[PDB]
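For reference, the structure is listed below as structure tokens.
Please treat every number below as a calculation from the coordinates, not as lab data. Here the Cβ is made from the backbone with ideal geometry for all residues, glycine too, and neighbour counts use every protein chain on show.
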Amino acid sequence: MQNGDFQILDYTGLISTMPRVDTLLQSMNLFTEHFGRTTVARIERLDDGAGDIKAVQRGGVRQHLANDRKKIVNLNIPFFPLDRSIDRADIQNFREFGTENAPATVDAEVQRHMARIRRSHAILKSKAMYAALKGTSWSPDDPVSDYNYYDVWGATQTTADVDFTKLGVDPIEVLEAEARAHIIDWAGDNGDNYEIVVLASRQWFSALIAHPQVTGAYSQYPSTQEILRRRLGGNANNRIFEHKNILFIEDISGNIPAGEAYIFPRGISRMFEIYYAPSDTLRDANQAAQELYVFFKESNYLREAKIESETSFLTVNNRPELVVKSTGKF
Amino acid sequence: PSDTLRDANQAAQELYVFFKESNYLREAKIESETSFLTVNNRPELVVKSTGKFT
Amino acid sequence: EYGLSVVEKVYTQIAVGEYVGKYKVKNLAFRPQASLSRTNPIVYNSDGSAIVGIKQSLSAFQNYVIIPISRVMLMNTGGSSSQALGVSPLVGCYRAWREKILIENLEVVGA
Amino acid sequence: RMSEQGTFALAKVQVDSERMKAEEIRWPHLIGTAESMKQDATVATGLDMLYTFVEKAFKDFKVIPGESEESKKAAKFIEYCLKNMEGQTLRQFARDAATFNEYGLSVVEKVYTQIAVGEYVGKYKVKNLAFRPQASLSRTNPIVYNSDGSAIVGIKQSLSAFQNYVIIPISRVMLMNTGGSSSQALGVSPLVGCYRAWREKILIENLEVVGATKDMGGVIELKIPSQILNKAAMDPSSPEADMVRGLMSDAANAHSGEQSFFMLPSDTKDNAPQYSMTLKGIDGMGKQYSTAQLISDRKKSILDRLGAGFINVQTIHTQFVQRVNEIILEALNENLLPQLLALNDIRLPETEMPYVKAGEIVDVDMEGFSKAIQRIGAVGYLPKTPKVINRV
């Protein structure tokens, strides 16, 4: 590498940095994938139950039953494009920024753009699931869908608030009573022992552990999962805790508002779904959709290169009833 | 000949048909062209016939 | 001419003949290099380790897609096993061909 | 699996190839540019020598039967059909088929007819292998494809060929082409490539003729005072006029002979003399490019594409002829014979199909062959069969 006009120097190395991308929700595998053909989907509901029988005199009048109930809904899907171009001036006289004298190559910039586009698509997909879990679809600046599942299906948001400043009150005694009772009374089918999971912001999860009740619970004899001397979840970035037949997880991504936590059960059928629609191309029109489409074009006149990527999907929550907005006070 | 630069003053065909795709998988077009003249070289042996009816 | 050649194998069943019930090869379908994808012709893994298939342009299905690697017979020359797009023998010749042409033009105008 | 996942792209491979050609050699024009070539005495000669050996090969043709008794009967019927076309012979067919060396393409239509009286009454012959001239074909689209550019459905012929001064299905047509892959329906004529060299070769020859005519070296120049010239022009009946008229005829006839000489007045008015006579010459240097060797390079450039470049002085020319023979035999062996046997319901296994073998283009050496038989014969490796005996 060249130093001032009459001097030289030694090039040493390259340092690169990039922000973290979270994949916890992807890892948990809570969403089922459906590849459709159109941009409209249907969902069928069929709810049934029973009534009570009242006593009547013998030999006189009789009693009659009611009938069932049905509902049908429809939904649309948004679109997400992403494009970029490359010009001569970007590589005309710019050193590669790698080795000492290698000239800039179009391929390197193409790979950089590929990486950036992939990262952006992954971030968008991550944000979509977080938005869906909250009970609303993700479609910024696109009021065409803006579907609020609580309003669409008809429901209300259970709170199950908890206060941590009361050292003499175990917070779990409110979570159990409210959340688990509501979930059991609203499972809809005839099940048992549903597993409960909780997503907590850093502040909420950190405050929960420090509560005197939990510490006193495990302090006096070893048991297992030694909170005091080990670390929750080992050395992994995402801490894990399990107390009173519940699983607690910390949200590193920060998408959850600070101090808030969402409680939902596992195992329930078809609570979460995601649908993919085809792109705006003759090859894929009316065909089976794919996770992501990437295109690349080199100008036949040697004076341009362009990159193209697009995708279209929707995240749907089929049961707003089983999401509880835990809110902490400190 | 068709007006295309391929066959300018080159040859002739009864009917030219072309099909185009944008190469971007987003559009296509259809083309067709013809150029001909119908000539009766001997306007001597065709005789008109008009008829008064009723 | 192009460092590369793509042939696709298609198999069909026999209806009547000496080997009824077996499978022949219908056609060793040649895919012209000109009809291939002009952007990325050959697609690799998430890493640059191996090849998963070969892409053909959508404009070849018109009158005037990715084919899996297991169905394709690839031939290339002029390069090692790590050069999917082989070196055409016309690479090298090119600079000499450019000069050869120019000189012939000067002779005609000069005479 | 058992499913195609692509197309041959016949309809695209063509449309790229018509752009990448100089416009005087695209389909509707190449028919004219071929016949406006040929009239070059090096281009005709290359094509004539090629047809000389193609006709020779397909003159003494043979049909080779199989081993079973069924094949031998089929071979005899094939020989009868190929040697009894009404008004046609394989030599004429071979010299019509070989026209793809001029236009990249050749079209032959098969017509079958029933026998009325003969050795094989009730069977079907071939009436004529009807040649369709490239010039009478459709100038717009000659060859028609599917809705896609995958395959060929037929060949179109112009409606102007049915006059004196339509689409033929592909199953009835035998197509031969050269110079391109299987995806180029309109084959590359061997004259493509030659064309640029032929354009130069012609231009240079034109310069030589005009250059030799205009090399007025040693021409006679006469200088006369303008008083005499002007007086003659205004006084036609003056002594100056008579002498001027004499000069205009005497100077034209001034050759070299037994009495040639010149006599001029020696008057002088200035540094230059009044009367003079000199023979002109090029004041400097003559031409340098030596147009002779320019033409020789271009002639060898043209003949090399036809394999006939040896006239400028197993061979290259003999190997080139074999290429044309094999292309014709493939169409004859694989398109006509299987169909001809199907009509007369002669269904045989693959190993029992007879085939036609072309003749030999190089004559047998009597000296070499006679002493080759002895060397094999003196050891006993040559079977005693009438096949060997008939070779003499």
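So here's what we get for this one:
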| read-out | value |
| --- | --- |
| Output for segment D:143-187, where each listed residue is within 23 Å of the chain's Cα centre (by Cα) and in a strand (DSSP E or B) | D:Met174, D:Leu175, D:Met176, D:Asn177 |
| From the options D:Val388, D:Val392, D:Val324, residue that is surrounded by 10 or more Cβ atoms within 10 Å (Cβ to Cβ), within 22 Å of D:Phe58 (Cα to Cα) and either among the hydroxyl-bearing types (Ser, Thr, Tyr) or more than 14 Å from chain C (Cβ to nearest Cβ) (or both) | D:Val324 |
| Which listed residue is among the aliphatic types (A, V, I, L, M), crowded, with 17+ Cβ neighbours inside 10 Å and farther than 27 Å from A:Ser27 by Cα, from A:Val106, A:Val144, A:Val162 | A:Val162 |
| Hey, A:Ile274 in a strand (DSSP E or B), within 14 Å of another protein chain (Cβ to nearest Cβ) and either within 16 Å of the chain's Cα centre (by Cα) or more than 23 Å from A:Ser145 (Cα to Cα) (or both) or not | no |
| Tally of residues being within 11 Å of another protein chain (Cβ to nearest Cβ) and among the hydrophobic types (A, V, I, L, M, F, W, C) across segment D:162-205 | 5 |
| Test: residue in segment C:23-40 that is more than 10 Å from chain D (Cβ to nearest Cβ), in contact with a helix residue (DSSP H, G or I) (Cβ under 7 Å, 6 or more places away or on another chain) and not small (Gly, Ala, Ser) | no |
| Candidate set: segment C:59-73, residues that are over 16 Å from the mean Cα position of the chain (by Cα) and in a helix (DSSP H, G or I); chosen: the one surrounded by the most Cβ atoms within 10 Å (Cβ to Cβ) | C:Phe61 |
| Residue that is nearest to A:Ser85 (Cα to Cα), among those in segment A:290-318 that are in a loop (DSSP other than H, G, I, E, B) and within 14 Å of chain C (Cβ to nearest Cβ) | A:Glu304 |
| Members of segment D:279-308 found to be loosely packed, with under 10 Cβ neighbours inside 10 Å and polar (S, T, N, Q), listed by number | D:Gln288, D:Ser290, D:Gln293 |
| Condition check for D:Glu4: within 14 Å of chain B (Cβ to nearest Cβ) and either touching a strand residue (DSSP E or B) at 6+ places or on another chain (Cβ under 7 Å) or surrounded by fewer than 19 Cβ atoms within 10 Å (Cβ to Cβ) (or both) | no |
| Contacts under 7 angstrom Cβ, first residue in segment D:260-281 being within 16 Å of D:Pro225 (Cα to Cα), partner surrounded by fewer than 12 Cβ atoms within 10 Å (Cβ to Cβ), 6 or more apart | D:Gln274/D:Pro265; D:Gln274/D:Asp267; D:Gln274/D:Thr268; D:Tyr275/D:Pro265; D:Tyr275/D:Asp267; D:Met277/D:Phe262; D:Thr278/D:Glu221 |
| Residue that is surrounded by the fewest Cβ atoms within 10 Å (Cβ to Cβ) [pool: residues in segment C:74-111 that are farther than 30 Å from D:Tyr289 by Cβ and in contact with a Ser or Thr (Cβ under 8 Å, 6 or more places away or on another chain)] | C:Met75 |
| D:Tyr112 vs. criteria more than 30 Å from D:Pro190 (Cα to Cα), in a loop (DSSP other than H, G, I, E, B) and touching a helix residue (DSSP H, G or I) at 6+ places or on another chain (Cβ under 7 Å) | no |
| Some residue of segment D:296-303 being under 21 Å from D:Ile204 (Cα atoms) and among the hydrophobic types (A, V, I, L, M, F, W, C) | yes |
| Those residues of segment D:345-376 which are over 30 Å from D:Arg305 (Cα atoms), of a type outside the set (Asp, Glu) and surrounded by 15 or more Cβ atoms within 10 Å (Cβ to Cβ), in sequence order | D:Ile346, D:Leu348, D:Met353, D:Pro354, D:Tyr355 |
| Qualifying residue in segment D:222-230 (condition: within 60 Å of the chain's Cα centre (by Cα) and of a type outside the set (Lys, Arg)) | yes |
| Residue satisfying all of: in segment D:16-57; assigned to a helix (DSSP H, G or I) and acidic (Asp, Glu); farthest from B:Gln10 (Cα to Cα) among these | D:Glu55 |
| Lone unmet requirement of (1) among the aliphatic types (A, V, I, L, M); (2) more than 14 Å from chain C (Cβ to nearest Cβ); (3) surrounded by 10 or more Cβ atoms within 10 Å (Cβ to Cβ) for D:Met248 | (3) |
| Filtered residues of segment C:7-39 (kept if closer than 18 Å to D:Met2 by Cα and either surrounded by 17 or more Cβ atoms within 10 Å (Cβ to Cβ) or of a type in the set (A, V, I, L, M, F, W, C) (or both)) | C:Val7, C:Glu8, C:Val10, C:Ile14, C:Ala15, C:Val16, C:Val20, C:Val25, C:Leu28, C:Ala29, C:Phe30, C:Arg31 |
| Residues within segment A:277-289 that are touching a helix residue (DSSP H, G or I) at 6+ places or on another chain (Cβ under 7 Å) and either more than 10 Å from chain C (Cβ to nearest Cβ) or closer than 14 Å to A:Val40 by Cα (or both), tallied | 0 |
| Among the candidates D:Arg323, D:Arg298, residue that is under 30 Å from D:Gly46 (Cβ atoms), in contact with a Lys or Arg (Cβ under 9 Å, 6 or more places away or on another chain) and outside any strand (DSSP E or B) | D:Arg298 |
| Which numbered condition A:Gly135 fails, given (1) within 22 Å of A:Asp22 (Cβ to Cβ); (2) surrounded by fewer than 17 Cβ atoms within 10 Å (Cβ to Cβ); (3) in contact with a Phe, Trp or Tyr (Cβ under 6 Å, 6 or more places away or on another chain) | (2) |
| Counted residues, segment C:41-87 - those being polar (S, T, N, Q) and within 14 Å of chain B (Cβ to nearest Cβ) | 5 |
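Residue-wise test of (1) under 28 Å from C:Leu58 (Cβ atoms); (2) more than 8 Å from chain D (Cβ to nearest Cβ).
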residue: B:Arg6; (1), (2): yes, no
residue: B:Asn9; (1), (2): no, no
residue: B:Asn23; (1), (2): yes, yes
residue: B:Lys29; (1), (2): yes, yes
residue: B:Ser32; (1), (2): yes, yes
residue: B:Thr38; (1), (2): no, yes
residue: B:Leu45; (1), (2): no, yes
residue: B:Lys52; (1), (2): no, yes
